[PDB]
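Understanding the architecture of this molecule
Residues per chain, in single letters:
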Amino acid sequence: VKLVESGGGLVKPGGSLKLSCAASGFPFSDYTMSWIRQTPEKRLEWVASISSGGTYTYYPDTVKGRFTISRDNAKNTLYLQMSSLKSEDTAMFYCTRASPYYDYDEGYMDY
Amino acid sequence: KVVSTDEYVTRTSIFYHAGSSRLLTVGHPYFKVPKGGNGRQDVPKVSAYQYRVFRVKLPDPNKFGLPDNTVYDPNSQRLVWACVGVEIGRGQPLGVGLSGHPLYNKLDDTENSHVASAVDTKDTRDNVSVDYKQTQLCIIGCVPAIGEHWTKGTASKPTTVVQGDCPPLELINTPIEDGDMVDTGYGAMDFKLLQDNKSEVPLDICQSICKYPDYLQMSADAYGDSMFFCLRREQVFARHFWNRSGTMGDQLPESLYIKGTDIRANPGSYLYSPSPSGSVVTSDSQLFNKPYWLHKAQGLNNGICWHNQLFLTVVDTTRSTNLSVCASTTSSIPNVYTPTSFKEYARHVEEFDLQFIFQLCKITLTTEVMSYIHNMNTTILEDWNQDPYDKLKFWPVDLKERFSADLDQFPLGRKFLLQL
Amino acid sequence: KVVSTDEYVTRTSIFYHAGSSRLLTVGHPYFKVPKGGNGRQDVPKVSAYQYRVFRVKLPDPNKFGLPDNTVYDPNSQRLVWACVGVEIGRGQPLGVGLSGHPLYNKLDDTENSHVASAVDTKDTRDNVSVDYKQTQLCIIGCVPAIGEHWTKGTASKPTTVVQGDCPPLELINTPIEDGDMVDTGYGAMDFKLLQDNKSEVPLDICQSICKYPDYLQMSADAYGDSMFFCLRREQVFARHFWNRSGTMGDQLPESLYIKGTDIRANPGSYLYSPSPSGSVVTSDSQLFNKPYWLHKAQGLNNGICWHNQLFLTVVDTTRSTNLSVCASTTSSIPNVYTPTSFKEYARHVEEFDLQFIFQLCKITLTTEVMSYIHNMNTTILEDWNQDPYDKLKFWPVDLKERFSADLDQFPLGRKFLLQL
C-alpha cells in the first residue's frame with residue numbers, strides 16, 4: 001500500500017498552495033481520507049478529513065476558512081487546497097487513511 | 001432444415017390407455033435426516049417445492065405382439081408411440097405449509113416498524129418462517145426439461161480479485177431432475193455457492209439450487225423434443241419487508257442521500273429482501289386432476305415418444321401442508337405437559353396418479369426420411385433396424401405392462417372416448 | 001391532410017420471421033456502482049422499474065437480394081418492411097422486489113398509530129423499504145415513444161422569487177430511452193429537480209426521472225408513427241400512511257380547524273404521502289410471452305417500419321425479485337457467524353427474447369404519392385432513390401442477419417402459420 005504526498009514547495013505568506021497525495025494498494029474510493037500535519041516543534045495536529053465520496057468534509061476551527069480538502073476517486077488522489085496561509089501553518093503535511101465507508105468514521109489513521 | 005413430424009409420421013386409430021397406480025412419497029420437508037442403522041432407515045427430503053420428474057418407460061411397439069401385421073409391415077415401416085392425452089392426479093388436500101430458518105438474516109423491519117431498532121453488533125439473526133411463492137407447472141416431453149439458474153460464474157479474467165468481492169453471476173441451463181428445488185420467491189440461483197452466510201433463505205434452499213424452466217430456450221428448440229406441452233401458473237406477493245445484516249459490499253453513492261448533522265454517520269443497511277407469499281390456494285385456480293388433450297404441439301415434435309419413453313415434469317405447491325407428529329419420551333405419558341417429555345417431528349407427503357392416452361403410429365422408412373431420422377438421432381435407427389439419462393435422477397414409471405386397449409375401462413379412457 | 005398507409009402501400013404474401021437470441025443484463029437494482037479499475041468492470045443500474053427500449057434494425061428490403069425481380073421492379077416501386085406479428089419473451093420467474101432508503105422522510109404513522117408520536121427536532125428519518133406499483137406496458141412503433149413527466153418549470157415572469165418557495169410545475173414530453181424510470185407509485189416527475197431533500201422517495205428514483213407514456217399525445221399523433229400497438233396494465237394500492245418532516249411551505253388556513261386550549265399549538269405535519277404497493281403478481285394477469293398480431297393500427301401508419309427500423313418500449317415489473325449474493329471476508333469462514341465477516345451485494349437480472357413476423361410491401365412511387373411521402377419525411381425518399389436518434393440511448397438489436405422465410409422453423413412462425 002502506498003500513500004505518497006507531493007506538491008508543491010515553500011511559498012510566500014498570504015498565498016495559495018495545493019497539496020496532492022497518490023494512493024495505491026487499496027480501494028481509494030472506499031475509505032475516508034484525512035490530512036494530519038506535524039509542526040516544526042514536532043507536535044501532531046489534525047488538519048482535515050473528507051468522506052469516501054468528496055461530499056462531506058470537516059476541519060478544525062483554526063483552519064475553517066483557509067483550507068479545502070478534496071479528492072478525485074477516479075484518479076485515486078487526495079488534495080488539500082490551502083490559501084492565504086500564515087506563518088503559524090508551517091508544517092510537515094501527512095496524508096492519512098481513516099475508516100472505510102461501511103464504518104462510522106472512527107478517526108484512527110492506520111496508514 | 002427440421003421438418004414437422006406430421007409429414008413423416010402417419011397416425012392410426014389404435015389407441016391405448018396407460019396409467020400408474022397411486023404413487024406416494026413421505027419424508028422430511030426441509031432436509032434429508034440421516035439415522036444410523038442398519039444403513040439406512042433414513043427419511044428423504046420430500047418437499048412440496050420440489051420438481052417431480054417422472055421417467056415413463058413405454059413398451060416397444062415394434063416388439064409389441066398385440067397388433068396384427070395388417071397395421072404395418074416390418075419391411076419399410078416402424079412403430080412409435082405418440083402421446084395424446086394426459087391426466088395428472090394429485091391426492092392430498094389443499095393446504096399451505098411453512099419453510100423457515102432459526103438463524104434467518106433479518107436485521108430491521110422496514111415496513112413501517114415503530115417498535116424499535118436493532119443494533120448490528122451482536123448476533124441479530126431471528127427465527128423466521130415463511131410460506132413460499134405458489135407455483136403449479138407441468139411439462140411433457142421425450143427429453144428431460146431444461147431449466148435455468150444463476151451460479152457463481154468462473155473468474156472474469158485471469159485476474160486476482162480480492163476476497164469478499166461479489167463473484168460473477170452466470171446463467172446456466174441444466175436438465176431438471178426429480179428432487180430439484182423450484183423457484184420459491186427468492187430467485188432461481190445457487191444459494192449454496194452464492195451465499196456463504198448459510199442464513200439468507202430458509203433451510204429448504206439455503207444449501208440447494210432453485211431452477212426455473214427455460215421456456216424461452218425449450219420453445220426456440222429446433223426439434224421441440226424438450227417440451228411439447230407446458231402449463232404454468234404462479235403467484236406471489238411481498239408479505240413482510242426486512243433488512244439484511246452484514247457489511248454492504250457496494251458503497252451507497254453519496255449523491256443519493258444527505259447524511260444529516262452527524263456528518264460521520266454510517267448509513268444503515270440498504271439491502272432489502274421481502275418475505276414471499278403465495279396468497280390464497282383455491283381449487284378454482286387448480287391445474288391438475290384435469291384431462292389434457294394434446295392435438296397440436298408447440299414444437300415440430302407433436303407428442304411422439306422417441307425411444308418409447310416420456311418425461312413428465314410437474315410442480316404443485318398447492319398441497320404444501322406439513323404433518324406434525326409427536327411422540328412422548330416416557331413409555332406412557334404422565335398427565336403433565338413439559339416440552340422435554342415430547343419429541344416433535346415434521347413429515348411431508350406427496351401423492352400422484354399419472355394417466356395417459358397413447359396413439360400407435362407408423363413411419364415409412366423412405367430415403368430422404370430415415371436419413372433425416374439419422375441426422376436427428378442415430379440411436380433411433382440403432383434401436384430399431386447405454387443411456388445418456390441414467391446420469392440424472394428420475395422417478396421411474398414402468399408402463400410396459402400397463403398398456404390397455406379397452407379405453408372405456410378407465411376414467412381418462414372414457415373422457416377420451418368423449419372426443420369422437 | 002394525412003392519408004392512411006393502406007391506400008398507397010400494397011402488401012404481399014412474402015413473410016419473414018426475425019428474432020434476437022436471449023438478451024440478458026445483470027446489475028445493481030438501485031444505482032450504478034463504480035469500481036476503480038482497469039476502467040471499467042462496474043455493475044450498471046438494472047432495475048425492474050426501468051424502461052426497456054429496443055431499437056430493432058431491419059435489413060434494407062431494396063438492398064435485400066433474396067427475392068427475385070418478379071416481386072417488384074426497382075423503376076417506379078420501392079420496398080419497405082411492415083410489422084405483422086410480435087412476441088416479447090420474458091425469462092426469469094415471477095417475483096416481487098423491494099426498493100428502499102436508509103434515510104427515508106417518515107415522520108409519523110398517520111394511519112392508525114397508537115404507539116407514539118415522533119419529535120421533529122432531530123433527524124427523524126427512518127430506514128424504509130417499499131414494493132413499487134405494478135406496471136406492464138408495451139409500445140411498438142418506428143419512432144421512439146413519447147413520455148411525459150413533471151419538472152421544475154422556468155420562472156413565470158422576469159420575477160425574483162424567494163429561495164424556499166414552491167417552484168412552478170411544468171409538464172414536459174421527452175422521447176423514452178432505454179433505462180428511464182417508470183412511474184412507481186410516487187408520480188411521474190423529476191425527483192432530482194423537485195426534491196432537494198434527497199429523502200422523499202427510495203434510492204431507485206430519488207435522483208432520477210419517472211416517465212409515463214403520453215398515450216393521449218401519441219394517440220392524437222397525425223401519422224401514428226410513435227405508437228401503432230399499445231398494451232398497458234397497471235395496479236397499485238396504499239399500504240401505509242405516513243407524515244413528512246420539514247417546515248410546511250403552505251400555511252394551513254385557520255378556517256379549517258380549531259386550535260384547542262393551547263392557543264400556541266403548532267399544527268402538525270399535514271403533508272401525507274402513502275407507501276405504494278403492487279399487490280399480488282400472478283401469471284393470470286401476465287401480459288408477455290404471448291403472440292400479438294397487428295392487423296389494424298391505432299394510427300394511420302399501419303405498422304410500416306420506415307427507414308427499416310422498429311422501436312419497442314416495454315416495462316415489466318412482475319419479475320422484480322432481487323438476488324442477494326454475499327461473500328465472506330475471511331478466505332474460508334470460521335464456523336462462527338459475525339455480521340462483520342460477510343459482504344452483502346444485491347444484484348438484479350433481466351431476460352428477454354424478442355420475436356417478430358414482418359411482411360414485405362410495395363410502394364408505387366407515383367406523383368401525389370412520393371410528394372406526400374416528401375411532406376411526411378424527406379429522408380424517406382432521400383434514403384431511397386446522419387441520424388437524430390443516436391443522441392438517445394437505446395438497446396440495439398440487429399436483425400439484418402436473422403431474417404428467415406422458413407416460418408415453420410420458429411415458434412412465432414408456427415403460431416403465425418395458424419393464421420392462413
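Structure determination for this entry, per the PDB record, employed X-ray crystallography and reached 3.350 Å resolution.

With that settled, the discussion passes to the overall build of chain B. Scanning chain B from N- to C-terminus turns up five helices and 20 strands. Each principal axis of the C-alpha distribution contributes one length, and for chain B these read about 90 × 65 × 45 Å. A burial count over chain B gives 54% of its 420 residues as buried. Accessible surface, chain B as shown: approximately 19,100 Å² in total, 52% of it carbon and sulfur. Looking at chain B, you have 40 positive and 47 negative side-chain charges, and the mean spots of the two groups are 4 Å apart.

This brings us to the pairing of strand β7 (residues 134-141) of chain C. All names here are of chain C. Burial analysis of β7 places eight of its eight residues in the buried class, which makes it a mostly covered element. Across the two faces of β7 the burial is the same, with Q134, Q136, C138 and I140 and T135, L137, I139 and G141 all buried. Sheet topology places β7 next to strand β12 (residues 229-235); seven bridges connect them, and they run antiparallel. Looking across to β12, one finds that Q134 is bridged to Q235. One ladder, built from six bridges, connects β7 with strand β17 (residues 309-316); its direction is antiparallel.

Okay, the interface of chain C and chain B next. Facing 82 residues of chain C, the contacting portion of chain B comprises 81 residues. At the boundary of chain C and chain B, one finds six salt bridges. The salt bridge involving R239 of chain C is made with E111 of chain B; its shortest N-O contact spans 2.8 Å. Here chain C and chain B share 36 residue pairs in polar contact between them. When residues of the side of chain C that touches chain B are assigned to their parent elements, the largest contribution, ten residues, is made by strand β19 (residues 342-364) of chain C.

With that settled, the discussion passes to the interface of chain B and chain A. The parts lose accessible area when they come together, and the size of an interface is often stated as this lost area. Across the contact, 14 residues belong to chain B and 15 residues belong to chain A. Summed over both partners, the interface of chain B with chain A comes to about 1,200 Å²; 47% of that surface belongs to carbon and sulfur atoms. The largest contributions to the chain B side of the interface with chain A come from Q251, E254 and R264 of chain B, which together make up 51% of the buried area. Summed over the shared surface of chain B and chain A, the number is twelve residue pairs in polar contact. Here the residues of the side of chain B that touches chain A are counted per class, giving five nonpolar, four polar and five charged.

Residue and element names in this part refer to chain C. Read from one edge to the other, the open sheet built from four strands follows the order β9-β8-β11-β10, with strand pairing classed as mixed. Every other strand in the sheet has two partners, leaving β9 (169-175) and β10 (181-182) as the edge strands with one partner each. Where strand β8 (residues 146-152) meets β9, seven bridges bridge the pair, whose relative direction is antiparallel. Bridging from a neighbouring strand, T151 pairs with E170 of β9.

A separate point is a nonpolar patch on the surface. A grouping of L323, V325 and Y345 of chain B is seen on the molecular surface, where their side chains present a nonpolar patch of about 280 Å² in accessible area. Along the chain, the position of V325 of chain B falls in strand β18 (residues 323-328).

A word on unusual backbone geometry. Of note, the amide linkage connecting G7 of chain A to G8 of chain A takes the cis form, showing an omega dihedral of -15 degrees. The omega angle of the peptide bond from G37 of chain B to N38 of chain B is 0 degrees, so this bond is cis rather than trans. On the secondary structure map, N38 of chain B appears in the loop between β2 (23-27) and β3 (52-57). A positive phi angle, close to 60 degrees, is found at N289 of chain B, a residue other than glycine. Mapped onto the elements of the fold, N289 of chain B is located in the loop between β14 (272-277) and β15 (291-293). Notably, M370 of chain B is not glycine yet its phi reads approximately 70 degrees, a positive angle.

Basis of the calculations
Residues numbered from 1 in each chain as written, not as in the entry; some residues may be left out. Chains lettered and ligands numbered in written order. Part of a larger assembly, values for the part shown. Heavy atoms only, no water. Helix = DSSP H or I, 4+ residues; strand = E, 2+ residues; numbered from the N terminus. Buried < 20%, exposed > 50% of the residue type's maximum accessible area, 1.4 Å probe, protein only. Areas by Shrake-Rupley, 256 points an atom, 1.4 Å probe, with all protein chains shown as cover. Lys, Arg positive; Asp, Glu negative; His and termini not counted. Charge placed at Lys NZ, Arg CZ, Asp CG, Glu CD. Pairing = 2+ DSSP bridges. Contact = heavy atoms within 4.5 Å. Salt bridge = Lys/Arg side-chain N within 4 Å of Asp/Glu carboxyl O. Polar contact = N/O pair within 3.5 Å; in protein donor to acceptor, adjacent residues only side chain to side chain. Buried area = accessible area lost by both parts, 1.4 Å probe. Nonpolar A, V, L, I, M, F, W, Y, C, P; charged D, E, K, R; others polar. Patch = residues over 30% accessible without salt bridge, like charges linked within 9 Å, V, L, I, M, F, W, Y side chains within 5 Å.

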